[PDB]
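Participant: What follows is a structure written as structure tokens; I'll ask about it next.
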RNA sequence: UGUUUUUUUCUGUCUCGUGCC
């Protein structure tokens, strides 16, 4: 789920960057350092909205590099277990379904899916229907799910969905 | 132990600020509008594009005033912050569906008290 | 067990996957579906005509469903029931059409069942803008309309509701009819009321409440899809024009970048020209593509008049405005987007078809077995001297002298080359020593650049001047492009034949095999192995599954036309594993037969070896009777199957004028004399043979008479082409 | 209508005595 929290970070600036654009250079470096990354503490970060302030640059002894402990006001996306969101199905396979929760991709197996949704390998587009063929679920459809698990593959979140609770499909 | 169903989160995340799909959508749209201008700038990455096309398919309302009103009419209640995003984003039809999806609502409030809120949310949709 | 010990052949089972056989009533439906879906956009099977083509397709489908017939088995064995040699893609096309008809029928049945269930549910609910279950019958009947039928079904589901417990403007049908006919027969809601009054009877206080409902009804209407379908897909002058970034990124490499201002490309350029479709798809992938018909601006204007009121005085004007708004809403919802999606799907299908056709043409051109045997037919075959040198610059060039029986006899190296800056004798001496070491039958030299060609020419000149071809005659070293031998040298067969050998020896062996029996090398490779050879750049854009299927069908047809030697795949590894692309003898069946032959040690005694030894089933034997060949009965190593053995013997006796007494082996004048050469052809009449087949046999022999006569006169006929010598451009 | 080479920081033990600012 997307959130707006206040984070902090420090970046060493090489002395060649000193000059009238010092603050601009620090901001530019901050933008291209904490956008799109991920961490196991705060989760996946989308982008930065604004910066609070620039700390006092403490020049290191015997080294020209100076660090600026900046505190930026950026957004973050850290999904938790039990949350329910609305994603879009990307691909349908007999092994399982694939979706895309924004910057993360989950996966639901046939076991999680009830027995009513069978396979349609004969038809060209992989899809799942029922005996009466009333409800139809395919790709590019806003289908909900439940985040029953979480995982971080070295700054690459990959949760797992489920389809056991009622009211999970076309709105 | 971290399960949002039972309303438990780490200490750092407890003091977070919730965001709605439309809110993040307009924030990213404005960021894109600002970044596209001012030439000689590093263009957006695939992450921004995927997030944009992901939040654009769930924008229940484009008007910012709609977001303001739906957050104002909701914050007056006694629900936690976590209940402000999922319920405002999914927009269930009946109170039964909302109670089923979110187990926290089971026994927290009456039936009509939640049905009226859901009807108001549905009407607020464009 | 089910693949090898099954009642029906492997090919027949694989072809009719979605449709497990064809019923008597379903044969006509499948034939109609195949004929309707045989050539819609391009001209294909227009050869066989419309009604004749449909009848032939139906006969082929019926034969496949009844006798478990296959592609080649029905194209050759059923030349009368199907197009008699109308085209190569006869059996495969018929199988595809039958599968498509069966799939369409199954989908229509499912849709009809769903519509009936929905109608019953609606009657149960509301029977205790209505919801009537009348469109289920139409959807079930719409078998040909696949995409349109699906759209209509989805629209019905979204309109009625789809829930499964356990007066605003013109009507949808009237609007659809008025749009399809081009004349607005029904106008909007001709009433004094306007959007102000209609927006108060839902609780929104907005005049756009009914517009959304009208748009949803128009988009989710099969009539609208049918009317829009084919209007732009039939013709769409796609204007190719690079963008600001595509002009420099494409560099005139794709379809949307080659023409800076070359627009107005109709559907013929994309569908017929698969290259244009592939280029558009590639350009539209990352940078951008210029795909716009630009013909609506006038197709969307005519619809505007229809469905709208003509008068304007409040009630009439309000109704006309509401109708216009609803039409605009429906168009924005599923009007332009639906047409664009349909055009994109059609373009992708055309590009895939063009890629598949190019791959099939390349496979047919490169798969024809055209070896260079002795005299272009002492000992069987010729000793191909595979010379696959590396550089020809003082490095060891592989030069293997393989025999004509699908095996390598010997080889050698030639490290000395013209290494030494000025040495015009060491290479000649090495070539002379290599030629004197063995007695090859032909020279098969490779080539990589000008130096390789010069080295090959020098070797050929040395061999011809000193009579190094056979030690007692000049042998012409036939040029061989380093295309198949290089790939075959580093294959599974090359590794198994020689493990402790350098790559030069493997390349020489592959080159020698490629110029002795291309069919053996093609059948003894994985088909992976075929996919290595690129048929065309446009095939990459299209799905490779279609190309692989076309290549497999072409290989199967070539194997059936040329036949398979039973003894060749018993002890010789080079000519083994050739029972994978036979008509009715699938890969599992061929592997099982090979294993049985290796275990029991059974030889190709006759055509009934697999029917008498209990190795192959009756359906398998019947479908693969025209493809299995043996070395020795008399009509075993030919296309004559057991059913036509008596007819062939009788025809041979009549043509040779010999005695008639249970001739299967004993009379050889009619068999051996006719096999040696044509004895008497006027004795055997086509009308008499056909009459005999019809009276006794239960089948006309008008088309099969020629095939039977050819089999009796020539056994084990090869369908491969001749030896193609490299040309100037081809050599380069 | 041609022209032969590419591998690199090693490393040593514990004890006693003598001389020098």
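Neighbour counts run over all protein chains shown; Cβ positions are idealised from the backbone, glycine included. Coordinate-derived values only; no laboratory data.
Participant: When the residues of the range A:1-47 are narrowed to those that are over 27 Å from residue B:18 (Cα atoms) and part of a strand (DSSP E or B), which ends up nearest to the other protein chains (Cβ to nearest Cβ)?
Facilitator: A:11
Participant: Could you grab me the full set of residues in the range C:425-439 that are touching a helix residue (DSSP H, G or I) at 6+ places or on another chain (Cβ under 9 Å) and within 16 Å of RNA strand D (Cβ to nearest atom)?
Facilitator: C:427, C:428
Participant: Test residue C:238 against the criterion of being touching a strand residue (DSSP E or B) at 6+ places or on another chain (Cβ under 6 Å) and over 30 Å from residue A:132 (Cα atoms), and give yes or no.
Facilitator: Details: touching a strand residue (DSSP E or B) at 6+ places or on another chain (Cβ under 6 Å): yes; over 30 Å from residue A:132 (Cα atoms): yes.
In short, yes.
Participant: List every residue pair whose Cβ atoms lie under 7 Å apart, where the two residues are 6 or more positions apart in sequence or sit on different chains, the first residue falls within the range B:105-126 and is more than 14 Å from every other protein chain (Cβ to nearest Cβ), and the second residue, located anywhere, is surrounded by fewer than 16 Cβ atoms within 10 Å (Cβ to Cβ).
Facilitator: That search, which allows pairs on different chains as well, returns B:115/B:94.
Participant: Let me spell it out: the conditions are (1) under 12 Å from residue C:388 (Cα atoms); (2) touching a helix residue (DSSP H, G or I) at 6+ places or on another chain (Cβ under 8 Å); (3) within 16 Å of RNA strand D (Cβ to nearest atom), and residue C:484 meets all of them except one. Which number is the exception?
Facilitator: Failed condition: (3).
Participant: Return the residues of the range A:19-57 that are more than 20 Å from residue A:157 (Cβ to Cβ) and surrounded by fewer than 13 Cβ atoms within 10 Å (Cβ to Cβ); say none if nothing qualifies. Even if it seems obvious, please write down each step before you answer.
Facilitator: So in the range A:19-57, the residues more than 20 Å from residue A:157 (Cβ to Cβ) come out as A:19-32, A:49-57.
Within the range A:19-57, A:19, A:20, A:21, A:23, A:24, A:32, A:50, A:52, A:53, A:56 qualify.
Participant: Turning to a different aspect of this structure: Can you confirm whether residue C:418 is over 45 Å from the mean Cα position of the chain (by Cα), within 16 Å of RNA strand D (Cβ to nearest atom) and under 18 Å from residue C:505 (Cα atoms)?
Facilitator: On the way: over 45 Å from the mean Cα position of the chain (by Cα): yes; within 16 Å of RNA strand D (Cβ to nearest atom): yes; under 18 Å from residue C:505 (Cα atoms): no.
It is false that residue C:418 is over 45 Å from the mean Cα position of the chain (by Cα), within 16 Å of RNA strand D (Cβ to nearest atom) and under 18 Å from residue C:505 (Cα atoms).
Participant: Any idea how many residues of the range B:72-92 are within 13 Å of chain A (Cβ to nearest Cβ) and touching a helix residue (DSSP H, G or I) at 6+ places or on another chain (Cβ under 7 Å)?
Facilitator: Within the range B:72-92, residues that are within 13 Å of chain A (Cβ to nearest Cβ) and touching a helix residue (DSSP H, G or I) at 6+ places or on another chain (Cβ under 7 Å) number 9.
Participant: Which residues, taken from the range C:518-551, are assigned to a helix (DSSP H, G or I) and more than 24 Å from residue C:489 (Cβ to Cβ)?
Facilitator: Once the filter is applied, which keeps residues that are assigned to a helix (DSSP H, G or I) and more than 24 Å from residue C:489 (Cβ to Cβ), the range C:518-551 yields C:537, C:538, C:539, C:540, C:541, C:544, C:545, C:546, C:547, C:549, C:550.
Participant: So, one more: Confirm whether residue C:560 is over 30 Å from residue C:667 (Cα atoms) and outside any loop (DSSP other than H, G, I, E, B). Full working, then the answer.
Facilitator: On the way: over 30 Å from residue C:667 (Cα atoms): no; outside any loop (DSSP other than H, G, I, E, B): yes.
In short, no.
Participant: Counting just the residues of the range C:448-473 that are in a loop (DSSP other than H, G, I, E, B), closer than 19 Å to residue C:386 by Cβ and more than 16 Å from RNA strand D (Cβ to nearest atom), which one comes out farthest from the other protein chains (Cβ to nearest Cβ)? Quick ask: steps written out before the conclusion?
Facilitator: Applying the first criterion (in a loop (DSSP other than H, G, I, E, B)) to the range C:448-473 yields C:448-449, C:466-467, C:469-472.
With closer than 19 Å to residue C:386 by Cβ added as a condition, the list becomes C:448, C:469-471.
Then keep just the ones that are more than 16 Å from RNA strand D (Cβ to nearest atom); that gives C:469-471.
Values: C:469: 57, C:470: 59, C:471: 63 Å.
Top of the filtered list is C:471.
Participant: So, residue B:91, is that one at positive phi and surrounded by 15 or more Cβ atoms within 10 Å (Cβ to Cβ) or not? Walk me through it before giving the result.
Facilitator: Numbers: at positive phi: yes; surrounded by 15 or more Cβ atoms within 10 Å (Cβ to Cβ): yes.
So residue B:91 passes the test.
Participant: Among the residues of the range A:106-136, what is the count of those that are buried (at least 17 other Cβ atoms within 10 Å of the Cβ), assigned to a loop (DSSP other than H, G, I, E, B) and more than 14 Å from chain C (Cβ to nearest Cβ)?
Facilitator: Total satisfying the criteria: 4.
Participant: Right, next: Looking only at the range B:9-40, which residues are more than 9 Å from chain A (Cβ to nearest Cβ) and assigned to a loop (DSSP other than H, G, I, E, B)?
Facilitator: Within the range B:9-40, B:37, B:38, B:39, B:40 meet the criteria.
Participant: Cβ contacts < 6 Å: first residue surrounded by fewer than 20 Cβ atoms within 10 Å (Cβ to Cβ), restricted to the range C:277-297; second residue not in a loop (DSSP other than H, G, I, E, B), any location; separation 6+ or different chain. Result?
Facilitator: Hits for this filter: C:287/C:246; C:287/C:249.
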